[PDB]
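Protein chains in written order, with the deposited numbering: chain A, 1847 to 2187, 2196 to 2259, 2300 to 2311; chain B, 2203 to 2261; chain C, 1918 to 1988; chain D, 1133, 1153 to 1212, 1253 to 1379, 1386 to 1464, 1469 to 1846. Backbone N, C-alpha and C fix where the C-beta goes; we use that ideal spot for every residue, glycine too.
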Amino acid sequence: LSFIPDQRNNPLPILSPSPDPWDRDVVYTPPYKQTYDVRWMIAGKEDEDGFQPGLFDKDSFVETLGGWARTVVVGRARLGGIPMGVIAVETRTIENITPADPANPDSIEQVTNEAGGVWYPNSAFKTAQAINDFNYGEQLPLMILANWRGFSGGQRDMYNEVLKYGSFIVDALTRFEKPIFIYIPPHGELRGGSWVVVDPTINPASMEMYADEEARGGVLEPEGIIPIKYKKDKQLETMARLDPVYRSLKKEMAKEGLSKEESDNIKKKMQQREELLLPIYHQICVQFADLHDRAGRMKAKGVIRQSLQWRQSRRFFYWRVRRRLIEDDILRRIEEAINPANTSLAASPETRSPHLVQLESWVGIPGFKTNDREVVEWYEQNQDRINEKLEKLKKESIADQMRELXXXXXXXXXXXX
Amino acid sequence: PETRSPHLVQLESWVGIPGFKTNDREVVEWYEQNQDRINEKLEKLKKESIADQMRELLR
Amino acid sequence: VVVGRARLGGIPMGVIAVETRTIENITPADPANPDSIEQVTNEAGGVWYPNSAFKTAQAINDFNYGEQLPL
Amino acid sequence: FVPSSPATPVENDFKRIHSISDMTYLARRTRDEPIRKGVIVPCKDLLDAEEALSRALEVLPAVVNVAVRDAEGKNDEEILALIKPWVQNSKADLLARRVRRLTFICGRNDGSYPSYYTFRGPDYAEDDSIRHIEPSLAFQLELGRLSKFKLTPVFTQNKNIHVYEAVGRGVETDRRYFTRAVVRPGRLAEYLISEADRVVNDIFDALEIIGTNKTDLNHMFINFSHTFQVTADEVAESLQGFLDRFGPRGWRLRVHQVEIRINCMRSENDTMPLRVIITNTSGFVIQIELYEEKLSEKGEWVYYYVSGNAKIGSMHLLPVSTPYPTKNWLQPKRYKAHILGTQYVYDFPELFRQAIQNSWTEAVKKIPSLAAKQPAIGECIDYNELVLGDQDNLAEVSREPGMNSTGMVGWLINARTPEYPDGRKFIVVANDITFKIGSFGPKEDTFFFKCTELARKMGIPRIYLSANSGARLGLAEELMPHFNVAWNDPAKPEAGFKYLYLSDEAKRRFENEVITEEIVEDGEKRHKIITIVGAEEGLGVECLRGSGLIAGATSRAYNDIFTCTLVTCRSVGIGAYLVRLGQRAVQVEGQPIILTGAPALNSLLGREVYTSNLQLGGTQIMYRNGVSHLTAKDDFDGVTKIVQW
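Printed below as a string of structure tokens:
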């Protein structure tokens, strides 16, 4: 209840930065080699050498449903005083052991390993449920630390309706009201089936997507694309180009003038050189394919707003969450004054509302779409000017509705009576 | 369901069949016959509601 | 639980009924785990089961959204 | 001497500059090519012309024209046997100077148009195609509309008209006579209507002497050089008049269609060119299609018709470079779909017509008397294709089957069902399994969305026919034979590589296709690749964005309009989800609803667990877990079952 607004459509129970200040850099950074407890990135990690805080306020995170589908972490936390909903992906291979059914004596406990960073029927259901919880009644801003590499394509998981619960994520995302921030963290991945169910084009009016500078995201893993787009023959065409030994041996076969016992030599010399170059030549294509799935490419194709540095994530989101929460409410109030009763791939949060163009000119700040800090400070100062412009628009809209009330001949009859 | 809508009391008096809540057959046959009479009274109410709507927009 | 669409003297509408006979769904063996065999389960008639309730809930949504059929 | 982009109505791909008469010069790039030189040799006599050839070539370190002034003797074949001895003699003289074209101008003092003879290529074999027409005149004649044919010209008494024997390059069964004519304006209102009668009679008389022979179809093109004030609405009324007189004669010659190109100043004033296609389909013309030549903003001149017809014709908003499709062209595609156990996308409208035909045939039995509202075999359904407009906004087109610009196709079908015998509409969207594995690209996504969006806006149901391969995969092919490697040790490359860089010369070539950082190693200006962008679309995130958009759209649509999907073939990745978001689904017995490939799972597990895509995607899984609502024996049985819904 400390995270929930006192009423229904009331602003969140926000306080000053006070214990954990907003102007602090995110100290805990996750390792790229092994697995890490994703919870440390949210609140902080308790270590032998001091304490490294997360991107939310120290000990403000409250994990829920932690006994079911631990492959996804759900909870509520505070960001410099601002309370909000959190969804993160567990990287470690968790194991849920289903109990033995006593009704059937031929039933034993089933040991099942829910491998980390993947979506399972139960994990997808958990995700879908959490979203509904954070929007209905609660009405909290959402932060998703996206790290899934797809869905569990296994026969058992498929038969267990993985597809049905996957859709329930998409359904729940269009239903959402308040701002949603999809942020791929450092080391975080977003491949194939995973990205689709979280893309900002689902609900552009409330979604906003960001990615870390050292995060990865493609249609498939760079190890998966190589046996389809950069096959053995494509690697050898590039081998007879970069390697000096292989292209020199290629010039021997092309020149001819060598017998059946002589042509066998060139074949047995190359098909030994190419066998030793193959492992490192393979890894080259892996690095090559990874450069497609880099953070820079994402901003270039406009699938994300900005590339983010994990260190100053807290500092950026504190003002962007605050800017969006005040703005969303002002825009909702603009429409309530105008009408007292999105359409393309181009639908980006800077074009989430058609009143943001009018609000832009009323504010008068050049870096309006950006400079989140400068925007927030302005609204607090010109509290009267916005309320003033709302009442201007309210009376202007009443004049339009009364004029529209065939309809003239009917009014001429209702007046003559 | 006999009290599923507050307009069923108004519609009841416009129809004029006593066994309105029951006699489902008799009700259906009446609407088909007086399809123009419904569209007549709906319009009478449409103009009526527009006149009140203007009072709400000033209040 | 039996789900479908039918006509009542020409009027089309959605139908949901309960099977009385004891039906048996046999879940296949998981090939990923060689220690998994097909599980014989008897869904006794005239009772609601997780899958039966889900079927009911899904059918209702189908008959209202887009379809817009009497139930 | 060329603009080859904002120039006269032509089609250009990437970076290329070609000639007017020579449609295929050098596409590579014109950044390194010698300037074209214009030469004109006026010679008094045909024999004396040889001295103005061998001496004429001496001032050449290209295009050469030769004018003749003897209006006295105009030979044919004898003129050809008088110009060939000079070209075979100087076969190395013309070759050394690297000149492409050799034109010949021969004018008459009685007002007769000059005769042209053009020699082209290495040996200069003389293309019989360009005759009695200028390089300028090679554009109006176009001949780029006959790329899918092997042309052999035939003799014409009138130098203005040219007839060609076109044969299908692939399949030989196609044999047609295509006529190409140019009307040049008379120097110094009922002029054009009478001018049309004279030129069409000349074509008719010429088609008569060569004979009708064996032609499946016959076409004639007439291009106007004069910009006489045309009021197409007056032209259309007058058109009806003379076509009914010439029509019978044209019907004997096996002529199926005629295309006129007139310029209208009444819009100096802007001259709006208006094309018109008159086809003799079903014995009676009833096809007066009045078009308008306008740019598609993509650099192509398209066919925008404001016809006198009911707008349910054929060909709409298509570039001016159409190749006139050959018969049996549809068959190779159909085969690519049929090997996968699915009907070719454009064969489905027919399947639906028969399923509606079937829906009546039983209703007439069950319900006697109430049957007379049946609209025959044909006219059962009234379909019209859907292709994205200029401003990404969908439009109703009735063009030829196939020729889909994207790997997704839609139709607006008005089926006269026994429930709504006056008509009922709906949208049908399907993936072309033959068009890039049926994979979802951004073009395919924007289309699928705009279709869902429309079905929603109109309240009519939407039907999706799934046969895809998830999202489009891809790598940058242009950077494969250009990128360099920086090793720890150059002698032994297996000792690990530091990074991947690009040569300065190869860096300037792209720059926007690859994000590169400069770091000097071994005293070299090495531009290390820090991120790959790639010129081509549909490789990574661009596909996922679009996939997410259509995923959400289907989720939204289901809650408003009637949504249905059909697994006509393997439905993978995003496609698999649109079947579930579409909620109501019909699965054809032998088609799987797979997420991750059967061998891809085996490679991941490191052991051969699954052996089939249907072992985890088939009916025995999806119908048994409730993803599939019904199972259909064949692709048609699917259609039939949805017709019932």
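Among the residues facing chain B, residue 2252 of chain A is included, as its CB has a counterpart in that chain under 8 angstroms away. At the C-beta level, residue 1491 of chain D and residue 1477 of chain D come within 8 angstroms of one another. The shortest CA-to-CA distance from residue 1639 of chain D to any of D:1670, D:1625, D:1819, D:1499 is the one to D:1670. Interface annotation, residue 2001 of chain A: in contact with chain C, CB-CB separation under 8 angstroms.
Membership of residue 1295 of chain D in any alpha helix (DSSP H) is not indicated; the residue belongs instead to the beta strand (DSSP E) covering 1292 to 1297.
As the crow flies, the alpha-carbon of residue 1579 of chain D is around 14 angstroms from that of residue 1622 of chain D.
Within the model, the alpha-carbon separation for residue 2200 of chain A versus residue 1594 of chain D is close to 15 angstroms. Only buried fits residue 1766 of chain D, as 16 or more other CB atoms lie within 10 angstroms of its CB. Taken in chain order, the unbroken stretches of alpha helix (DSSP H) that lie wholly in the stretch 1528 to 1597 of chain D and span 4 residues or more are 1532 to 1539, 1549 to 1567. By the neighbour-count criterion, in which a residue is buried when 16 or more other Cβ atoms sit within 10 angstroms of its Cβ, residue 2209 of chain B is exposed. For residue 1966 of chain C, the closest Cβ of chain D is not nearer than 8 angstroms. Between residue 1931 of chain C and residue 1764 of chain D, the C-beta spacing is not below 8 angstroms. Taking C-beta atoms under 8 angstroms as the contact rule, residue 1626 of chain D and residue 1614 of chain D qualify, at a distance of about 7 angstroms. With respect to chain B, the C-beta atom of residue 2255 of chain A has a partner C-beta closer than 8 angstroms. Residue 2019 of chain A is outside the set of residues whose beta carbon lies under 8 angstroms from a beta carbon in chain B. For residue 1330 of chain D, no beta strand (DSSP E) encloses it; the enclosing alpha helix (DSSP H) starts and ends at 1328 to 1331. When D:1330, D:1313, D:1509 are compared, the shortest CA-CA separation from residue 1430 of chain D is found for D:1509. Look at residue 1353 of chain D here: in three-state DSSP terms it is strand. Going by C-alpha positions, residue 1814 of chain D is about 52 angstroms away from residue 1417 of chain D.
Secondary structure at residue 1946 of chain A: coil, using DSSP grouped into helix, strand and coil. For the 8 angstroms CB-CB criterion, residue 1907 of chain A and residue 1923 of chain A form a contact. Contacts with chain D at 8 angstroms (Cβ-Cβ) do not include residue 1952 of chain C.
Counting C-beta atoms within 10 angstroms of its own C-beta, residue 1650 of chain D has 16 or more neighbours from the protein chains shown and is therefore classed as buried. Close to residue 2259 of chain A, with beta-carbon spacing below 9 angstroms, are these residues of chain B in chain order: 2252, 2253, 2255, 2256, 2259. In chain order, 1810, 1811 make up the part of chain D whose C-beta sits under 7 angstroms from the C-beta of residue 1948 of chain C.
Identification of residues in the stretch 1355 to 1378 of chain D having a C-beta nearer than 9 angstroms to some C-beta of chain A yields an empty set. Separation of residue 2047 of chain A and residue 1749 of chain D (C-alpha to C-alpha, rounded to the nearest whole angstrom) is 7 angstroms. In the displayed model, residue 1980 of chain A falls within a helix according to three-state DSSP. Per DSSP, residue 1672 of chain D lies in no alpha helix (DSSP H) and is assigned neither H nor E.
In the three-state reduction of the DSSP assignment, residue 2085 of chain A falls in the helix class, which pools H, G and I. The three-state secondary structure of residue 1280 of chain D, taken from DSSP, is helix. Between the alpha carbons of residue 1597 of chain D and residue 1536 of chain D lies a distance of about 28 angstroms.
Under DSSP, residue 1684 of chain D shares a beta bridge with D:1703.
Take the alpha-carbon of residue 1720 of chain D and the one of residue 1708 of chain D: they are about 13 angstroms apart. Closest in alpha carbon position to residue 2030 of chain A, among A:2006, A:1991, A:2019, A:2011, is A:1991. Taking a cut-off of 8 angstroms on C-beta distances, the stretch 1777 to 1789 of chain D does not touch the stretch 1673 to 1689 of chain D, as fewer than three cross pairs fall below it.
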